[PDB]
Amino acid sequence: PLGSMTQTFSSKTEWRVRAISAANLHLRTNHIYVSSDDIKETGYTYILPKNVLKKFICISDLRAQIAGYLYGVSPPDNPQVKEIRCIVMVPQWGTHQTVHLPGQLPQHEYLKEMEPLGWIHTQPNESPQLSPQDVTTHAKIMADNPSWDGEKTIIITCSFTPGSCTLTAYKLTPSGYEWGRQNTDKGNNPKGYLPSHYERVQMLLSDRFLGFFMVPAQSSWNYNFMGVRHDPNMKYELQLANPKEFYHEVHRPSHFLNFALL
């Protein structure tokens, strides 16, 4: 060889650097911005409670997107406003462009008094436009679940702007639904996608009431390290409890059992 060098490669697994950065996510919860419409209004106003937003941020990753389902109701005399009352974490795994949720929507006695309001997901980069993956996901959920009204369900993106998180809420259009339910291209400029597939909706952060989380009854929600155990057909029940952070030990047991070997 150049037998005057001799270098040993030393592993530098990428999840470790990501696990260090995920431990500083809490700093972003003090600087949380909501884009104001300028589109402008579309029907309902969504009020998101800060407590679950902050927790949603703290349990996330900066590269792999995570998602929760939105549930809530209208203030008593006020049909115009949708207060988000619960975020549901279901078994999932993600990449930087999409999340993979089960086909089964949440089912629990506690949600049957509320209505489904859509979903929220983290995004690595802030983007001026709703992802086509997002439009496709939202439209295929609508096709398989009549309970999701096109005029009542939204996508909230929570984008990792530097030192911050910026929230923006979108709804599908009729034309968006029809395009996204038939769409099978995963990439970023799939044929037929266009910006008239969604509108922006007004969203407000509030401190006057608290939301709560539901999580799976047996597993946790994070399968990004146990992907093989995750399946679109998987079934899950729910419990009233708070979600564990992304790199909690229960989400990556093989890191703990294969290090102990030997």
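Whichever C-alpha set is largest while still superposing within 1.5 Å between the two forms counts as the rigid core. So that there is no doubt, residue numbering starts at 1 and follows the sequence shown.
When the other structures are laid on the shown form by the rigid core, the stretch among 37-45 and 217-225 with the greater C-alpha deviation in 7 other deposited structures of this protein turns out to be 37-45.
Of the two stretches examined, 213-221 and 37-45, the record assigns the greater average C-alpha temperature factor to 37-45. Averaged over Cα atoms, the B-factor as recorded in the entry is higher for 156-164 than for the other of 143-151 and 156-164. Take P116, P102, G192, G176 and read off each C-alpha B-factor from the entry; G192 has the highest.
You'll see in the entry that, of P106, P75, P91, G94, the Cα B factor peaks at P75. In the deposited entry, the Cα temperature factor of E199 places it in the highest third of its chain's modelled residues. Compared with the other modelled residues of the chain, the Cα B-factor recorded for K82 ranks in the middle third. Among the modelled residues of the chain, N242 sits in the lowest third by CA temperature factor in this PDB entry. Ranked by C-alpha B-factor against the other modelled residues of its chain, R252 falls in the middle third.
In the PDB entry, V228 places in the highest third of its chain by CA B-factor.
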